[PDB]
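Structural description and commentary
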Amino acid sequence: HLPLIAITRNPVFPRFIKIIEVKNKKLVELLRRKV
Amino acid sequence: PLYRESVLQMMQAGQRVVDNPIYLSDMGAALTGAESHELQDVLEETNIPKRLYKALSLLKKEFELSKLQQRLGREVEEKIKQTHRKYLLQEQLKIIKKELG
Amino acid sequence: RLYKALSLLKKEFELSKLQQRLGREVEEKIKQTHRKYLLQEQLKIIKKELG
Amino acid sequence: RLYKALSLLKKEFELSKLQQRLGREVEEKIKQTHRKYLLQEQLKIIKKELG
């Protein structure tokens, strides 16, 4: 039960490390909420 | 070439460490330049041969566009070499026909 | 006949070597051409950077 | 044995000397060919290019 992530033009192929850097700062609130 | 071959040396099929072949095929499909929609359509497939046939057809579909570009490049370049080389020959015609004659 | 065949072989061989020397000469002369332009260009650029 | 080896070196060097000299004299007997003919060869080369 978490808000959907903003993929923001970032494919993530299975079993493949990838980085995401959404311009919006609202996801940072979600990252801190999961810390 | 897109990604390093060392990962291919890491997870080889003869070492039997490939406990998840479907993930290896997904890792190999990661090399594809295909659109995210094409990845989702490969994910819509449930049968293994069908998604493998689609991932291979995607790999080849990118391979066609790439090969057309590389052929077009080597062609224009060879056209440039053909251009200049005869000028070098013509230049030789000159240099053998200023003081000689 | 063997000796004459040797004389024919060297006879062509001189004409060949003359063609080769003329070619390498002309090509090198081109290299002196372009290379000196590379030198003149270096002078030009160094001048732009200061002067 | 050294004398026989030297004697072999002498007789062989004399034969080679006659062969090298005869060949040089005859390659000269083709060098007698005029320099005009050489300029003609180069002339034909002047004809033999792309166009």
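Residues numbered from 1 in each chain as written, not as in the entry; some residues may be left out. Chains lettered and ligands numbered in written order. Part of a larger assembly, values for the part shown. Heavy atoms only, no water.

As named in the PDB entry, chain B is Lon protease homolog, mitochondrial, taken from Homo sapiens. What the PDB record gives as the title of this entry is "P1b-state of wild type human mitochondrial LONP1 protease with bound endogenous substrate protein and in presence of ATP/ADP mix".

1. Remarks on the interface of chain B and chain D
Basically, it comes down to this: By the convention used here, residues are in contact when the closest approach between their heavy atoms is within 4.5 Å. By convention, the term buried area covers the 1.4 Å-probe accessible surface removed from two parts as they join, with the contributions of both added. Any N or O atom pair separated by 3.5 Å or less is treated as a polar contact, with the protein-specific requirement of one donor-capable and one acceptor-capable atom, and with residues adjacent in sequence counted only for side-chain atom pairs. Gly counts as polar in this scheme, as do all residues outside two lists: the nonpolar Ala, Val, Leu, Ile, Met, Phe, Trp, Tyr, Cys and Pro, and the charged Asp, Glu, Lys and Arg.
In this complex, chain B contributes six residues to the contact, which on the side of chain D involves five residues. Between chain B and chain D the total buried area reaches about 480 Å² when both faces are included, carbon and sulfur atoms providing 89% of it. Looking only at chain B, the three residues that lose the most surface to chain D are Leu93, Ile96 and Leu100 of chain B, adding up to 63% of its buried area. Linking chain B with chain D are zero residue pairs in polar contact. Here the side of chain B that touches chain D is built from residues that sort into three nonpolar, one polar and two charged.

2. Looking at helix 2 (residues 35-47) of chain D
Rules: Here a helix means four or more residues in a row that DSSP labels H or I, a strand means two or more in a row labelled E, and each is numbered from the N terminus. Each residue after the first adds 1.5 Å to the expected span of a helix. The classification of residues rests on relative accessible area computed with a 1.4 Å probe and restricted to protein chains. Under 20% of the type maximum is buried, over 50% is exposed, and intermediate values are partly exposed. Think of the arc as the fan of directions from the helix axis to the C-beta atoms.
Spanning 13 residues, helix 2 of chain D covers 18 Å between terminal C-alpha atoms, matching the ideal 18 Å at 1.5 Å per step. Along helix 2 of chain D, the positions that sit buried rather than exposed are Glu41, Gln42, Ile45 and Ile46 of chain D. Down the axis of helix 2 of chain D, the smallest arc covering the buried residues is 155°, so these residues share one side. Tucked into the core, helix 2 of chain D has its buried residues touching helix 1 (2-49) of chain C.

3. Quick notes on a nonpolar patch on the surface
Residues and elements named next belong to chain B. In plain terms, the rule: Put simply, a patch holds well-exposed residues, over 30% relative accessible area, that have no salt bridge, with like charges counted together within 9 Å and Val, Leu, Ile, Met, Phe, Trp or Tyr side chains within 5 Å. Here the Shrake-Rupley method, with its probe set to 1.4 Å, supplies the accessible areas, and only the displayed protein chains count as covering residues. Salt-bridge detection follows one rule: a side-chain nitrogen of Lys or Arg within 4 Å of a carboxyl oxygen of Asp or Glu.
Taken together, the side chains of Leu2, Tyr3 and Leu31 make up a nonpolar region of the molecular surface, amounting to roughly 320 Å² of accessible area. With respect to the helices and strands, the residue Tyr3 is situated in the segment before helix 1 (6-10). Here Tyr3 falls in the partly exposed class, since its relative accessible area comes to 37%.

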